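A.B. asks: Our numbering puts the sequence shown at residues 116 to 152.
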Amino acid sequence: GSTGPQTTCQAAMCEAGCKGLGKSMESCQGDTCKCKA
Numbered sequence: 116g117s118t119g120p121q122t123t124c125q126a127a128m129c130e131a132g133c134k135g136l137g138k139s140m141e142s143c144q145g146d147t148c149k150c151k152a
């Protein structure tokens, strides 16, 4: 829905879409990119 958990540490495309919207960037939490979208 809002926060989307992936399976990736060095996640530049996940974090650049999350910062282009302007929200919050949570990569390498346990091999996981949580983008707030």
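Heads up, the beta-carbon is just placed ideally off N, CA and C, and yes, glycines get one too.
From what residue to what residue does the alpha helix (DSSP H) around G135 run?
C.D. replies: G135 -> alpha helix (DSSP H) spans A127 to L136.
A.B. asks: Whole-angstrom Cβ separation of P120 and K138, contact assumed at under 8 Å?
C.D. replies: The pair is not a contact, with the Cβ atoms about 14 Å apart (cut-off 8 Å).
A.B. asks: Roughly how many whole angstroms lie between the Cα atoms of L136 and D146?
C.D. replies: One C-alpha to the other measures close to 23 Å.
A.B. asks: Which of the three DSSP states is assigned to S139 in this structure?
C.D. replies: Reduced to three states, the DSSP call for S139 is strand.
A.B. asks: Can you name the residues that DSSP bridges to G119?
C.D. replies: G119 pairs with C150.
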